[PDB]
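Working notes for the structure below.
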Amino acid sequence: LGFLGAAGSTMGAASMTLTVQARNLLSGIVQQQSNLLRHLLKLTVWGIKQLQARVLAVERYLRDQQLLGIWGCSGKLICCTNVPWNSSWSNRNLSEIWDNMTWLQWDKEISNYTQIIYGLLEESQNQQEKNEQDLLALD
Amino acid sequence: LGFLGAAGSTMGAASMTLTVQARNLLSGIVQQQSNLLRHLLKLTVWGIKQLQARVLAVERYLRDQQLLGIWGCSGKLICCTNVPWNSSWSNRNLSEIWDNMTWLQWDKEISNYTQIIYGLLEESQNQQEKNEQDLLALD
Amino acid sequence: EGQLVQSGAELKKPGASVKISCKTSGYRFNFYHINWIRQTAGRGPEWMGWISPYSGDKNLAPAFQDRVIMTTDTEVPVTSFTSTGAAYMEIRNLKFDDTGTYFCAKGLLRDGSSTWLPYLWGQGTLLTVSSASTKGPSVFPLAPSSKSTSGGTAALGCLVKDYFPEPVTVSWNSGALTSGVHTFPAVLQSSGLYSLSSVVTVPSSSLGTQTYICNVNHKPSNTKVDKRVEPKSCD
Amino acid sequence: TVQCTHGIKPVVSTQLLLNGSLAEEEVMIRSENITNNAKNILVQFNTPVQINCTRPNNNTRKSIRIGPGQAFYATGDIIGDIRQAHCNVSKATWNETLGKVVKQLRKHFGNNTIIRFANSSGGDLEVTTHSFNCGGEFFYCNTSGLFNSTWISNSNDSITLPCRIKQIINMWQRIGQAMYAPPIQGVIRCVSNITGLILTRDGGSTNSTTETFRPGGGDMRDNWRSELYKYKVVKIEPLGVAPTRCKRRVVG
Amino acid sequence: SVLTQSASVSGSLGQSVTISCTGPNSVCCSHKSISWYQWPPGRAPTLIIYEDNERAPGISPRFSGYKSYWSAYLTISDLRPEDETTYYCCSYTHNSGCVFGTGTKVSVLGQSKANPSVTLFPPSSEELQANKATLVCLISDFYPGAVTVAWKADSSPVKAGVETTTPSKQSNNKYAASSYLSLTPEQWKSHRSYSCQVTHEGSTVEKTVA
Amino acid sequence: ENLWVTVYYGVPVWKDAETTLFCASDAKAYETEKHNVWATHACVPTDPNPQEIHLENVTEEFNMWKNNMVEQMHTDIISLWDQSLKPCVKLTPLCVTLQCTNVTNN
Ligand SMILES: *[C@@H]1O[C@H](CO)[C@@H](O[C@@H]2O[C@H](CO)[C@@H](O[C@@H]3O[C@H](CO[C@H]4O[C@H](CO)[C@@H](O)[C@H](O[C@H]5O[C@H](CO)[C@@H](O)[C@H](O)[C@@H]5O)[C@@H]4O)[C@@H](O)[C@H](O[C@H]4O[C@H](CO[C@H]5O[C@H](CO)[C@@H](O)[C@H](O)[C@@H]5O)[C@@H](O)[C@H](O)[C@@H]4O)[C@@H]3O)[C@H](O)[C@H]2NC(C)=O)[C@H](O)[C@H]1NC(C)=O
Ligand SMILES: *[C@@H]1O[C@H](CO)[C@@H](O[C@@H]2O[C@H](CO)[C@@H](O[C@@H]3O[C@H](CO[C@H]4O[C@H](CO[C@H]5O[C@H](CO)[C@@H](O)[C@H](O)[C@@H]5O)[C@@H](O)[C@H](O[C@H]5O[C@H](CO[C@H]6O[C@H](CO)[C@@H](O)[C@H](O)[C@@H]6O)[C@@H](O)[C@H](O)[C@@H]5O)[C@@H]4O)[C@@H](O)[C@H](O)[C@@H]3O)[C@H](O)[C@H]2NC(C)=O)[C@H](O)[C@H]1NC(C)=O
Ligand SMILES: *[C@@H]1O[C@H](CO)[C@@H](O[C@@H]2O[C@H](CO)[C@@H](O[C@@H]3O[C@H](CO[C@H]4O[C@H](CO[C@H]5O[C@H](CO)[C@@H](O)[C@H](O)[C@@H]5O)[C@@H](O)[C@H](O)[C@@H]4O)[C@@H](O)[C@H](O[C@H]4O[C@H](CO)[C@@H](O)[C@H](O)[C@@H]4O)[C@@H]3O)[C@H](O)[C@H]2NC(C)=O)[C@H](O)[C@H]1NC(C)=O
Ligand SMILES: *[C@@H]1O[C@H](CO)[C@@H](O[C@@H]2O[C@H](CO)[C@@H](O[C@@H]3O[C@H](CO[C@H]4O[C@H](CO)[C@@H](O)[C@H](O)[C@@H]4O)[C@@H](O)[C@H](O[C@H]4O[C@H](CO)[C@@H](O)[C@H](O)[C@@H]4O)[C@@H]3O)[C@H](O)[C@H]2NC(C)=O)[C@H](O)[C@H]1NC(C)=O
Ligand SMILES: *[C@@H]1O[C@H](CO)[C@@H](O[C@@H]2O[C@H](CO)[C@@H](O[C@@H]3O[C@H](CO[C@H]4O[C@H](CO)[C@@H](O)[C@H](O)[C@@H]4O)[C@@H](O)[C@H](O[C@H]4O[C@H](CO)[C@@H](O)[C@H](O)[C@@H]4O)[C@@H]3O)[C@H](O)[C@H]2NC(C)=O)[C@H](O)[C@H]1NC(C)=O
Ligand SMILES: *[C@@H]1O[C@H](CO)[C@@H](O[C@@H]2O[C@H](CO)[C@@H](O[C@@H]3O[C@H](CO[C@H]4O[C@H](CO[C@H]5O[C@H](CO)[C@@H](O)[C@H](O)[C@@H]5O)[C@@H](O)[C@H](O)[C@@H]4O)[C@@H](O)[C@H](O)[C@@H]3O)[C@H](O)[C@H]2NC(C)=O)[C@H](O)[C@H]1NC(C)=O
Ligand SMILES: *[C@@H]1O[C@H](CO)[C@@H](O[C@@H]2O[C@H](CO)[C@@H](O[C@@H]3O[C@H](CO[C@H]4O[C@H](CO[C@H]5O[C@H](CO)[C@@H](O)[C@H](O)[C@@H]5O)[C@@H](O)[C@H](O)[C@@H]4O)[C@@H](O)[C@H](O)[C@@H]3O)[C@H](O)[C@H]2NC(C)=O)[C@H](O)[C@H]1NC(C)=O
Ligand SMILES: *[C@@H]1O[C@H](CO)[C@@H](O[C@@H]2O[C@H](CO)[C@@H](O[C@@H]3O[C@H](CO)[C@@H](O)[C@H](O[C@H]4O[C@H](CO)[C@@H](O)[C@H](O)[C@@H]4O)[C@@H]3O)[C@H](O)[C@H]2NC(C)=O)[C@H](O)[C@H]1NC(C)=O
Ligand SMILES: *[C@@H]1O[C@H](CO)[C@@H](O[C@@H]2O[C@H](CO)[C@@H](O[C@@H]3O[C@H](CO)[C@@H](O)[C@H](O)[C@@H]3O)[C@H](O)[C@H]2NC(C)=O)[C@H](O)[C@H]1NC(C)=O
Ligand SMILES: *[C@@H]1O[C@H](CO)[C@@H](O[C@@H]2O[C@H](CO)[C@@H](O[C@@H]3O[C@H](CO)[C@@H](O)[C@H](O)[C@@H]3O)[C@H](O)[C@H]2NC(C)=O)[C@H](O)[C@H]1NC(C)=O
Ligand SMILES: *[C@@H]1O[C@H](CO)[C@@H](O)[C@H](O)[C@H]1NC(C)=O
Ligand SMILES: *[C@@H]1O[C@H](CO)[C@@H](O)[C@H](O)[C@H]1NC(C)=O
């Protein structure tokens with residue numbers, strides 16, 4: 001275990017842990033609450049690099065976390081979707097990918113049409129599914 | 001009622017309200033949308049203290065809200081967990097704590113092993129529970 | 001968790017009236033109720049009334065709600081969670097049936113299902129509503145009745161005869177010696193004069209170099225005389 | 001748990017405070033440590049005294065350029081007879097304010113004994129006088145006239161204080177860079193309540209007969225402590241965990 | 001008190017005992033919650049049961065109970081010697097006060113009988129100065145708590161110097177008592193020798209001095 | 001008794017810490033005469049309504065000498081004063097030999 005501890009292991013192992021990566025993603029001991037505590041101008045070059053790094057920290061976290069909210073998966077770490085898998089994406093079989101490719105390799109295998117999957121993802125799970133209440137919310 | 005209105009009342013009362021504290025946690029009338037509106041250099045000492053305070057505002061909100069998301073409790077304000085309570089934490093009984101300690105006192109009673117509870121919290125409710133679909137997601 | 005200690009031994013003539021006090025510590029005096037219960041000679045402990053240090057609403061029993069009025073002041077904080085307070089209780093018109101031991105005790109919990117019941121109890125106060133007058137006690141030595149002292153250790157004590165009113169205890173010089181000493185219950189003569197005895201369980205060895213002075217602290221009489229044991233002895 | 005403090009004015013003052021906050025009870029006395037003769041003493045009133053100050057000099061403005069755009073504003077030529085700057089204190093109002101303090105100080109210093117007030121005691125000329133700013137010109141008033149009486153064992157006249165003026169200043173003992181305050185053209189008059197005080201030692205009298213307290217606004221941060229005695233900021237922690245016999249759905 | 005308790009009940013070590021308390025409809029326990037108290041006489045009392053079945057903090061699970069349609073009960077399991085004392089009870093609602101009981105004498109039998117270390121105590125040299133005759137005697141750790149008063153004043157019968165006084169429970173959870181002598185110095189000095197009579201069923205080993 | 005843990009978001013608890021605060025004041029100098037040395041050209045406007053809650057049952061301990069709001073105050077004024085003098089006329093040429101005289105002793 002550890003942060004990215006299973007980065008080189010098979011995809012089945014990264015499926016098993018996963019939180020250790022998600023936990024250490026927003027806040028860090030490195031930030032350490034700023035201030036010297038314990039000259040009186042904090043306009044130094046260091047303060048500029050820190051604050052612009054604290055911004056992109058939450059700017060990149062919220063850019064990805066906004067994606068989880070529009071897919072109905074905000075509350076959980078792994079959610080299933082109602083989008084069928086299209087064979088043009090990969091020809092490999094069920095146990096052939098989860099035990100032989102590792103995630104590091106997999107991100108390069110879908111990076112071509114990865115944005116296209118994201119487009120179809122907002123539709124089937126939250127554009128129609130959240131709409132389907134119309135008939136079932138009350139009759 | 002009011003912000004922290006039940007801070008001194010029993011834990012059963014803070015359980016009853018609670019939102020008033022959670023509501024006034026991220027945004028404030030104090031921030032008041034900056035700008036003078038209604039010399040042309042906004043590099044003043046005031047602008048530095050304000051912006052660094054607006055950052056730690058959402059930096060502390062998202063650091064705690066990230067914890068609610070990895071526990072499956074993001075969508076709600078009070079969620080139950082599947083972690084059994086370990087007697088070494090407190091020897092007191094069910095009605096003995098909720099009617100006699102107040103939260104202010106309680107945070108000091110668990111602050112020693114509070115981080116250890118958080119560790120076990122990610123596991124039983126989201127490391128196993130979100131994984132349990134494997135068998136039940138489809139057979 | 002904090003010893004609510006009651007100050008007492010105050011006793012007067014029937015119908016005189018008196019106020020009793022109980023000093024608190026070790027808990028937030030603000031929002032725990034404080035109760036008053038007594039046990040009389042004819043048994044049957046009787047709850048007097050409860051009172052809340054906040055707001056001040058009180059409900060006293062109907063049997064005493066016309067002659068008993070109890071009030072209480074505020075508290076001084078020590079920490080955020082502890083404080084020191086005190087409670088008072090006033091009564092009017094009393095007779096021998098009102099004689100007995102009186103306890104003040106902290107209300108159990110800070111909730112709405114059950115609070116009026118006590119939890120932690122005071123040390124108690126012995127009230128005497130007797131028409132008899134105050135009398136200083138009489139101190140007498142306890143003779144060295146021969147007892148086995150194998151290992152060089154033997155018991156002794158000092159006797160108290162004919163005293164009134166209320167009982168008192170026996171102490172030692174400069175404290176130190178409190179464990180393993182046994183003073184015996186008070187006695188009621190048919191004459192109306194009380195008496196009591198003390199017996200210490202410490203090494204006595206040979207009489208002389210060790211300390212054998214028994215200390216006595218008392219009532220209306222107070223104390224000045226603390227007598228030792230006379231030297232002539234057996235074995 | 002107010003979200004915002006009260007109206008705090010940054011009254012740059014020395015020894016005596018102006019335009020401050022006062023609690024309702026009789027004058028308050030706050031020390032980090034009483035009996036450490038050394039630590040200074042803040043004093044909050046219950047009713048403020050009114051002291052008005054005015055500079056009778058009629059300064060004319062003479063702007064002389066020293067290069068481009070830059071213009072030095074020198075004192076011109078005075079109009080009218082030269083008059084020294086002054087401060088008025090209602091002697092009636094002052095005698096009782098000084099009395100209520102020695103009554104509160106009684107229960108904090110040797111109970112009933114002799115309490116005297118002396119003029120500043122040692123130090124530099126600008127820190128031992130009631131320095132402050134007014135309208136732009138900086139006054140330094142002789143406080144020896146207010147801390148001279150001593151009471152112990154249980155239309156109207158008005159005290160006045162002599163004051164001199166300085167145009168060269170670098171405050172907070174800041175040796176980095178000093179500033180020249182240009183003379184204010186026209187008439188000067190300040191009228192501010194005096195609400196606080198600052199006191200100091202009686203040397204190192206080992207026990208003995210009596211206690212004396214002379215003013216010494218040695219530092220500037222204590223002036224704001226007279227306005228911030230009641231406030232303190234805290235960090236809210238919204239995350240609490242507690243047990244109850246309640247668990248969510250079994251499988252999911 | 002308009003309530004009745006189980007009066008005197010007994011029990012053996014390592015076993016259980018149950019005490020009942022009940023009353024009429026005014027003070028009934030159908031709806032009013034019930035609390036119980038441990039109360040050594042004279043000593044400071046102790047709370048044991050506060051909300052029907054739920055036991056007070058720190059109290060061992062040795063104690064239980066239950067509430068029915070007409071009475072409430074208290075179950076003490078694995079009786080140890082400490083339980084030998086008096087217990088009470090009080091009925092109440094949330095807004096009302098306590099209404100206490102009448103009392104329950106509990107005796108824990110099956111204990112080993114201990115032999116009391118008995119000592120006679122003669123008068124002192126400072127006591128004869130006051131002309132008040134008094135003679136006592138001590139007993140401790142002699143369970144059961146049964147006593148017998150008897151004195152011999154030079155083999156002559158006594159009816160005025162014999163003072164039969166109350167026994168007390170020792171701090172060691174055993175029993176203790178003492179008897180006293182009220183006489184005049186004339187009839188006192190006319191009898192120089194004295195004897196102590198402690199009727200304790202066992203061996204004839206009693207201290208007897210003049 | 002199978003006691004389970006349960007989470008609560010918004011619990012009223014706090015710990016003593018000191019963060020960075022900021023300015024607040026309403027309509028003050030404005031058009032007729034502005035350029036105040038302290039309030040600068042703009043401070044965040046204060047809300048007309050002040051929020052005060054009388055926290056009940058609480059007995060928090062204060063300390064006014066170990067409080068850091070006064071030290072934040074101190075370093076703010078110094079940096080605020082120096083910022084209001086930095087862009088102005090420097091009087092370095094004023095250091096010359098000065099020949100001066102009294103005035104009307106008569
Ligand atoms: C922090 O400060 C707070 C104050 O802000 C302190 O809070 C006080 O805490 C004490 C602790 O005991 C409370 O004392 C009693 O509370 C009782 C509550 O009983 C309610 O809940 C129980 C179960 O928990 C129910 O059984 C009760 O009745 C239910 O069932 C009945 C049938 O059997 C129904 O008929 C009924 O409708 C209900 O469903 C009940 O719900 C309370 O009973 C008791 O009352 C006594 O004081 C009263 C004072 O005023 C109360 O009542 C009036 C009406 O009479 C209301 O208008 C008021 O709002 C208030 O409730 C008095 O009137 C009664 O005659 C009794 O003498 C006690 O109130 C305090 O209530 C509570 N403070 C306040 C504001 O009342 C807190 O202690 C402190 N700090 C800490 C940490 O302790
Ligand atoms: C801080 O310090 C600053 C320093 O600058 C102060 O500012 C200064 O203030 C003084 C005040 O005295 C000013 O002096 C003034 O000068 C003007 C201009 O000079 C003309 O008049 C002169 C007259 O002589 C003076 O002294 C004699 C001595 O007895 C007096 O009797 C007389 O009244 C005067 O005060 C002339 O000498 C000069 O010469 C030319 O014109 C003459 C015109 O005729 C004059 O003299 C004849 C005799 O020759 C007289 O009969 C006739 O009445 C008249 O007086 C001519 O004759 C001669 O040949 C030349 O051609 C000028 O005409 C005077 O008018 C004022 O009277 C006064 O002396 C300073 O000027 C001024 N500084 C500056 C910037 O210049 C400042 O005041 C101080 N702080 C304060 C408190 O404000
Ligand atoms: C500190 O010193 C300053 C500088 O002197 C003092 O400032 C001046 O003080 C005086 C006296 O207190 C004030 O009173 C008078 O003001 C009159 C008005 O002058 C102003 O307006 C004029 C408009 O027209 C007026 O004057 C013309 C003639 O020119 C008339 O025909 C017409 O009817 C009006 O009356 C402007 O032209 C002028 O520039 C002013 O803006 C003055 O007329 C009057 O002058 C008399 O006194 C002068 C000495 O002060 C003397 O030299 C003249 O010969 C004449 O006798 C006088 O000035 C001023 O208002 C005031 N301001 C200014 C800018 O001068 C200040 O008062 C002083 N502090 C104290 C303690 O008083
Ligand atoms: C030296 O001390 C004297 C005596 O205090 C001062 O004279 C007082 O000056 C003060 C302020 O300079 C005046 O105080 C207040 O005036 C209020 C004006 O009314 C309303 O509108 C204003 C503007 O919107 C609001 O700010 C204000 O809150 C009101 O809504 C009064 O209404 C105030 O009275 C009562 O209510 C306020 C509301 O919170 C309370 O805070 C007050 O304690 C009070 O209960 C208040 O009076 C005052 O009128 C003057 N007189 C007196 C006798 O106090 C000198 O000004 C002062 N000098 C300096 C510079 O310190
Ligand atoms: C601007 O205004 C200031 C203040 O008024 C003046 O300073 C004064 O100047 C005068 C004259 O220069 C001084 O008075 C002189 O005192 C000399 C003796 O001084 C000693 O003793 C006195 C007390 O008796 C002490 O105060 C002083 O410190 C010394 O210890 C006299 O001797 C002087 O008189 C004559 O002889 C001397 C010596 O030969 C000459 O130098 C004189 O010119 C004169 O012929 C004279 O009385 C005074 O002490 C200074 N200060 C005080 C206290 O007022 C400035 O001089 C003045 N400038 C102008 C241009 O006016
Ligand atoms: C995602 O999908 C995109 C297409 O949308 C893929 O893009 C291809 O990327 C590769 C690698 O970057 C491109 O390869 C090219 O390599 C060039 C050098 O050699 C190339 O040409 C040699 C001879 O060229 C002849 O034959 C080719 C055959 O296509 C013709 O195109 C030529 O015109 C000539 O007739 C070949 O032998 C050799 O294999 C190479 O093709 C270089 O100069 C180019 O800049 C380029 O890098 C390829 O061209 C891109 N796609 C197409 C079809 O043109 C991308 O890889 C996909 N990613 C994943 C991982 O899925
Ligand atoms: C969380 O859990 C931690 C442990 O992991 C707890 O940490 C304890 O914190 C307390 C208070 O801060 C420590 O107390 C110590 O106090 C010292 C001063 O007096 C101490 O020693 C006196 C005599 O010492 C003898 O006996 C002690 C007994 O332990 C020995 O350790 C010594 O070596 C000596 O033989 C005692 O009479 C007195 O009670 C104190 O113990 C001070 O000098 C220390 O710096 C320290 O503050 C305690 O030591 C810490 N833990 C342990 C076991 O060492 C923490 O409180 C827990 N928090 C909560 C609220 O649960
Ligand atoms: C502390 O306060 C005390 C008073 O409580 C004060 O003692 C007083 O000092 C004043 C001023 O020095 C004295 O008044 C003088 O008395 C003498 C005669 O003794 C007169 O000659 C003086 O008159 C001249 O000076 C006056 C101005 O001071 C002029 O107005 C006058 O026209 C004269 O030129 C003057 O009246 C006063 O006598 C004493 N004593 C008392 C009881 O008032 C003491 O000085 C103060 N100490 C300090 C350092 O503050
Ligand atoms: C400060 O300077 C001011 C003047 O600028 C002095 O103020 C005036 O003080 C007198 C004292 O008698 C006041 O007189 C009386 O005031 C009352 C109201 O308080 C009024 O009812 C009477 O008719 C009479 O006027 C006068 O009003 C007051 N002026 C104002 C408007 O404040 C003040 O005394 C000086 N400070 C000192 C040290 O005295
Ligand atoms: C709150 O009440 C509960 C019961 O409802 C208490 O939990 C129980 O506490 C008793 C205390 O004696 C535990 O009994 C055990 O007895 C053995 C005897 O050998 C002893 O070794 C143990 O240390 C313990 O005392 C009982 O097992 C326990 N039950 C459980 C699982 O919770 C609780 O302790 C009460 N809280 C307090 C301390 O006020
Ligand atoms: C997958 O989608 C692509 C683009 O629409 C389409 O060309 C392809 O035929 C699809 N394959 C299937 C049958 O899932
Ligand atoms: C609680 O957890 C601690 C640490 O693993 C363990 O020592 C203790 O025995 C546990 N108590 C129980 C039985 O829940």
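In the structure tokens, each chain is lettered A, B, ... as it comes, each chain's residues begin at 1, and ligands are numbered from 1 in order of appearance.
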
**Q.** segment 126-188 of chain D: residues DSSP assigns to strand (DSSP E or B), reported as a PyMOL selection string
**A.** chain D and resi 130-134+137-141+158-166+168-169+179-180+186-188

Keeping C-alpha atoms for every residue in the selection just given, could you write it to a file as a compact mmCIF listing (two decimals), in the first residue's frame?
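The resulting file, again-v2.txt, is shown below:
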```txt
# COMPACT_ATOMS: atom_id res chain seq x y z
CA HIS D 130 1.02 62.47 25.91
CA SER D 131 1.97 62.32 22.25
CA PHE D 132 -0.74 62.10 19.59
CA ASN D 133 -1.79 63.37 16.16
CA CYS D 134 -4.45 66.02 15.58
CA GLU D 137 0.28 68.23 13.47
CA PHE D 138 1.77 66.17 16.27
CA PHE D 139 1.40 67.35 19.87
CA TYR D 140 3.50 66.41 22.91
CA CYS D 141 1.83 67.59 26.11
CA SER D 158 -10.11 73.73 34.43
CA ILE D 159 -6.58 72.32 34.35
CA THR D 160 -4.48 73.18 31.30
CA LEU D 161 -1.46 71.37 29.88
CA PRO D 162 1.48 72.92 27.98
CA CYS D 163 2.21 71.26 24.64
CA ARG D 164 5.00 71.50 22.07
CA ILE D 165 4.78 70.47 18.42
CA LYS D 166 7.06 68.32 16.26
CA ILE D 168 9.75 65.29 12.24
CA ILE D 169 8.52 61.88 13.38
CA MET D 179 8.56 61.49 7.90
CA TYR D 180 8.00 65.25 7.87
CA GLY D 186 -5.29 77.51 9.36
CA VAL D 187 -6.73 76.88 12.82
CA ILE D 188 -6.29 73.69 14.85
```

Q | Neighbourhood of ligand 3 at 9 Å, counting only C-alpha atoms and all ligand atoms, reported as a ChimeraX atom specification | A | /D:56-60,78-80,185-187

Q) What lies within 8 Å of segment 116-129 of chain C using only C-alpha atoms, ignoring chain neighbours under 6 positions off, as number ranges by chain? A) C: 1, 3-14, 22, 33-35, 50, 94-96, 98-108, 165-166; E: 44-47, 94-98

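The shortest atom-to-atom distance to residue 38 of chain F, with only C-alpha atoms taken into account, belongs to D:10 out of D:10, D:90, D:4, D:155.
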
**Q.** Selection within 12 Å of ligand 5 by only C-alpha atoms and all ligand atoms, output as a PyMOL selection string
**A.** chain F and resi 99-106

(Q) Near chain D, meaning an atom within 7 Å, which residues of chain B appear when counting only C-alpha atoms? Write them as a VMD selection string. (A) chain B and resid 80 to 82 85 129 to 130 132 to 133

Preceding selection exported with N, CA, C and O atoms as a PDB file, in the first residue's frame:
```
ATOM      1  N   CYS B  80     -25.304   7.224   8.703  1.00  0.00           N
ATOM      2  CA  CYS B  80     -24.888   6.134   9.567  1.00  0.00           C
ATOM      3  C   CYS B  80     -23.796   5.320   8.886  1.00  0.00           C
ATOM      4  O   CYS B  80     -23.698   5.278   7.656  1.00  0.00           O
ATOM      5  N   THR B  81     -22.966   4.678   9.701  1.00  0.00           N
ATOM      6  CA  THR B  81     -21.820   3.928   9.219  1.00  0.00           C
ATOM      7  C   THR B  81     -21.913   2.481   9.682  1.00  0.00           C
ATOM      8  O   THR B  81     -22.644   2.153  10.620  1.00  0.00           O
ATOM      9  N   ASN B  82     -21.157   1.613   9.008  1.00  0.00           N
ATOM     10  CA  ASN B  82     -21.104   0.192   9.332  1.00  0.00           C
ATOM     11  C   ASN B  82     -19.856  -0.173  10.129  1.00  0.00           C
ATOM     12  O   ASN B  82     -19.407  -1.324  10.089  1.00  0.00           O
ATOM     13  N   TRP B  85     -18.736   0.300  17.139  1.00  0.00           N
ATOM     14  CA  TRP B  85     -18.066   1.134  18.127  1.00  0.00           C
ATOM     15  C   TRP B  85     -17.253   0.269  19.082  1.00  0.00           C
ATOM     16  O   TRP B  85     -17.763  -0.702  19.649  1.00  0.00           O
ATOM     17  N   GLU B 129     -17.858  -1.660   1.216  1.00  0.00           N
ATOM     18  CA  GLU B 129     -19.268  -1.514   0.864  1.00  0.00           C
ATOM     19  C   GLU B 129     -19.440  -1.165  -0.610  1.00  0.00           C
ATOM     20  O   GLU B 129     -20.279  -1.753  -1.302  1.00  0.00           O
ATOM     21  N   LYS B 130     -18.656  -0.207  -1.114  1.00  0.00           N
ATOM     22  CA  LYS B 130     -18.713   0.093  -2.540  1.00  0.00           C
ATOM     23  C   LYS B 130     -18.145  -1.039  -3.382  1.00  0.00           C
ATOM     24  O   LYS B 130     -18.488  -1.152  -4.564  1.00  0.00           O
ATOM     25  N   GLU B 132     -18.640  -4.288  -2.570  1.00  0.00           N
ATOM     26  CA  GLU B 132     -19.567  -5.412  -2.477  1.00  0.00           C
ATOM     27  C   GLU B 132     -20.480  -5.552  -3.688  1.00  0.00           C
ATOM     28  O   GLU B 132     -21.230  -6.529  -3.760  1.00  0.00           O
ATOM     29  N   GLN B 133     -20.440  -4.610  -4.634  1.00  0.00           N
ATOM     30  CA  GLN B 133     -21.265  -4.748  -5.827  1.00  0.00           C
ATOM     31  C   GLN B 133     -20.799  -5.922  -6.675  1.00  0.00           C
ATOM     32  O   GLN B 133     -21.624  -6.631  -7.260  1.00  0.00           O
TER      33      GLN B 133
END
```

Would you kindly report the residues of chain F within 6 Å of chain D, using only C-alpha atoms, as a tab-separated table (two decimals) with C-alpha atoms, in the first residue's frame?
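This is the output file part_39.tsv:
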```tsv
chain	number	residue	atom	x	y	z
F	3	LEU	CA	-23.11	0.33	18.90
F	4	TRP	CA	-22.26	1.85	15.51
F	5	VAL	CA	-20.47	5.10	14.72
F	6	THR	CA	-22.38	7.95	13.08
F	7	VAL	CA	-21.08	11.15	11.51
F	8	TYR	CA	-22.38	14.69	12.05
F	9	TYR	CA	-21.45	17.62	9.79
F	10	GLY	CA	-21.78	21.03	11.40
F	11	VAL	CA	-20.96	20.20	15.01
F	13	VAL	CA	-16.94	22.83	18.40
F	14	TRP	CA	-13.90	25.08	18.11
F	15	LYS	CA	-10.23	25.21	19.04
F	16	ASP	CA	-8.18	28.32	19.75
F	17	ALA	CA	-6.38	29.40	16.58
F	51	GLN	CA	-24.81	39.60	14.38
F	52	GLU	CA	-24.43	38.82	18.07
F	53	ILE	CA	-25.57	35.58	19.71
F	64	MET	CA	-5.91	39.48	26.31
F	74	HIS	CA	0.23	46.09	15.31
F	89	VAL	CA	7.98	63.43	-2.19
```

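With only C-alpha atoms and all ligand atoms as the basis for measurement, B:88 is the residue among B:65, B:88, B:15, B:126 that approaches ligand 7 most closely.
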